[PDB]
Amino acid sequence: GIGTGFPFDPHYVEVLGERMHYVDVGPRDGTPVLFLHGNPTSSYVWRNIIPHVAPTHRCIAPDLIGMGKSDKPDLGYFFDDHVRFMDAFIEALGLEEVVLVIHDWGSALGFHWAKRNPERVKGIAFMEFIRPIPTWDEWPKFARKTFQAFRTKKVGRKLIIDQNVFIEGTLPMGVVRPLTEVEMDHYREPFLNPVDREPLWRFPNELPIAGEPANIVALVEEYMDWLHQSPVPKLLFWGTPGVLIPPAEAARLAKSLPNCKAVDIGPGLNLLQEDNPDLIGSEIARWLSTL
Ligand SMILES: [Ca+2]
Ligand SMILES: [Ca+2]
Ligand SMILES: [Ca+2]
Ligand SMILES: [Ca+2]
């Protein structure tokens with residue numbers, strides 16, 4: 001019922017000497033909409049949101065370096081690595097201003113880029129995004145020991161790299177409805193070879209939890225500082241119970257952030273796109289027409 005196909009012609013562009021894959025549809029009339037996925041997804045996660053937006057706006061959805069159909073160089077796949085590649089991807093497309101639609105680690109990339117380039121951002125729609133997590137008590141109990149293991153020396157790489165737990169297990173556990181075997185094939189494909197799973201493991205180790213990694217905590221705090229000042233139009237989707245963003249936090253941010261509307265998508269964990277793609281895509285399209 002929720003679409004499982006990926007009916008988008010591949011686009012490729014060389015970025016720092018590495019080929020990155022992206023979706024590019026819609027009319028080049030006006031401001032393009034840049035969709036940024038997180039862990040462990042790809043542009044596949046936007047496949048049922050894009051068709052609501054492409055009738056009126058150009059839609060661009062890259063696969064992060066080391067993910068999706070993009071090349072897979074020997075990197076640490078730290079956040080800093082993703083910043084370098086995403087900075088250069090956006091410059092390769094010869095764009096000017098954009099609207100961002102961002103999720104999970106794609107939201108850290110998007111917010112950090114918007115803070116450094118605010119004249120180029122005409123709106124941000126965001127969901128289940130990277131915020132500072134003061135203590136492990138704010139991580140959902142049902143996932144807490146596993147994410148602590150992900151961040152434990154030796155233990156975490158055995159789970160994520162050798163056993164592929166983030167794809168086989170954490171991914172479906174971040175979706176309320178069951179994922180199909182075709183959907184799982186699309187998500188599993190980039191990571192069928194264990195040596196290619198480094199980004200799946202480095203990302204949970206980059207989460208800003210209880211002050212560490214200090215560099216991530218600092219950068220995320222700084223773009224949240226910017227978001228609390230900037231007049232940029234903001235659209236916050238949120239679900240219950242969520243994962244990164246509990247309902248109480250969405251409610252706080254909908255009052256504190258300027259020019260922000262919050263949208264309740266109903267039941268949702270992390271991949272809100274997979275539980276209510278039609279509300280998310282439809283409401284982004286309505287919101288775009290008011291900018
Ligand atoms: Ca090359
Ligand atoms: Ca650790
Ligand atoms: Ca299933
Ligand atoms: Ca602050």
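All residue numbers refer to positions in the sequence shown, counting from 1. As the structure lists them, so they are numbered: ligands from 1, and atoms in each ligand from 1. Heavy-atom basis, side chains included; hydrogens, waters and symmetry copies ignored.
Here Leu179 reaches the Ca ion (ligand 3): one of its N/O/S atoms is less than 3.0 Å from the metal. Within the coordination shell of the Ca ion (ligand 1), defined by N, O or S atoms under 3.0 Å, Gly17 is present. For the Ca ion (ligand 2), the set of nearby N, O or S atoms under 3.0 Å includes one belonging to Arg151.
A cation-pi arrangement is not found for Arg47 relative to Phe8, the charged atom failing to lie both closer than 6.0 Å to the ring centre and inside a 45° cone about the ring normal.
Salt bridge absent: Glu96 and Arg120 never bring a charged side-chain N and a carboxylate O closer than 4.0 Å. Under 4.0 Å is where a charged nitrogen must lie from a carboxylate oxygen, and between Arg58 and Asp24 at least one such pair does. A salt bridge does not link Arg84 with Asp87: none of the charged nitrogens is closer than 4.0 Å to a carboxylate oxygen.
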